[PDB]
């Protein structure tokens, strides 16, 4: 009677394998059974928190559907039924990698922020990065309308590495911008890993461009409504390099309504400085005239009344186009100098090829 080999016994395949270590928390995590189906399956961290997962139709595969944490031991629990009708346990463990250090990052813009047509997207990291190419490949920018641009790595700051995204030309007014940085579980190099995924949504406000020909004694503000401000103004006397308003496209960043300054080189210890729009970290403002050539260095001086009008109109990211100056805006001036370099140079600063 009978005399026939029994059916195959269920075989469990753990990916990652049992007692595996240095598992990347974003890697595919799964258990598969052959010659049987899963009755129950679950993955928990050491603290007992269940991880989301799902079976395939056949219930012969269970796959984790959310990212894991770093430096954490996970364990499988459950059972699989074989041809026998007999259940076998589903058990095993693995441990995710514990990075030498986690590198953090942030944007300089807030979600929902409206900025001017020359605003860069600045990602500042809290550490140097070895595989900047790998990091950059994890960045994606989406604009509406679509717009040509590129990522460029600038010299590391004291705090750490940094990459800017710039469109080739000024943004169309109204453009929406979505930035995604899939950095979690990404190896940055030398055993470094990204702290987390990051996203940014912002948008471009109205088009406003400042025309600042240094030899013109004027400054103009141009929008869709045409020339809305045409002011007399003075530029830096240009007797010293510090007194030369730098040439090239500046970006408006911060502005201060009242903030009266201490100028050592001029002689005054309490200069009344109002309605000041910053156009460079080197100290260039468009501001009210305080009144000596040192009292206002490379600044653009307006009447207090005109200065306030421009001040109230100005937005972070606005371009100020300085022309007719001897000294071109540079890295030596600090941020933002992104628009003071040609496109081919900007492309060259990418950690990736052209295309």
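Numbering follows the first chain given and starts at 1.
According to the entry, the stretch of the deposited sequence that connects residue 291 to residue 292 contains 4 to 9 residues lacking coordinates, which leaves a gap of moderate length in the model. Two stretches are in play, 266 to 274 and 84 to 92, and the higher mean C-alpha B-factor belongs to 266 to 274. For the pair 52 to 60 and 308 to 316, the record assigns the higher mean C-alpha temperature factor to 52 to 60. Highest C-alpha temperature factor among 44, 325, 303, 296, as the PDB entry reports it: 296. Set against one another, the Cα B-factors of 213, 239, 180, 224 in the record reach their highest point at 239. For residue 336, the recorded CA B-factor ranks within the lowest third of the chain. Only modelled residues enter the ranking. In the PDB entry, a CA B factor belonging to the middle third of its chain's modelled residues is recorded for residue 159. For residue 150, the recorded CA B-factor ranks within the middle third of the chain. Only modelled residues enter the ranking. Remark: residue 286 belongs to the lowest third of its chain, ranked by C-alpha B-factor as recorded. In this PDB entry, residue 112 carries a Cα temperature factor that places it within the lowest third of its chain's modelled residues.
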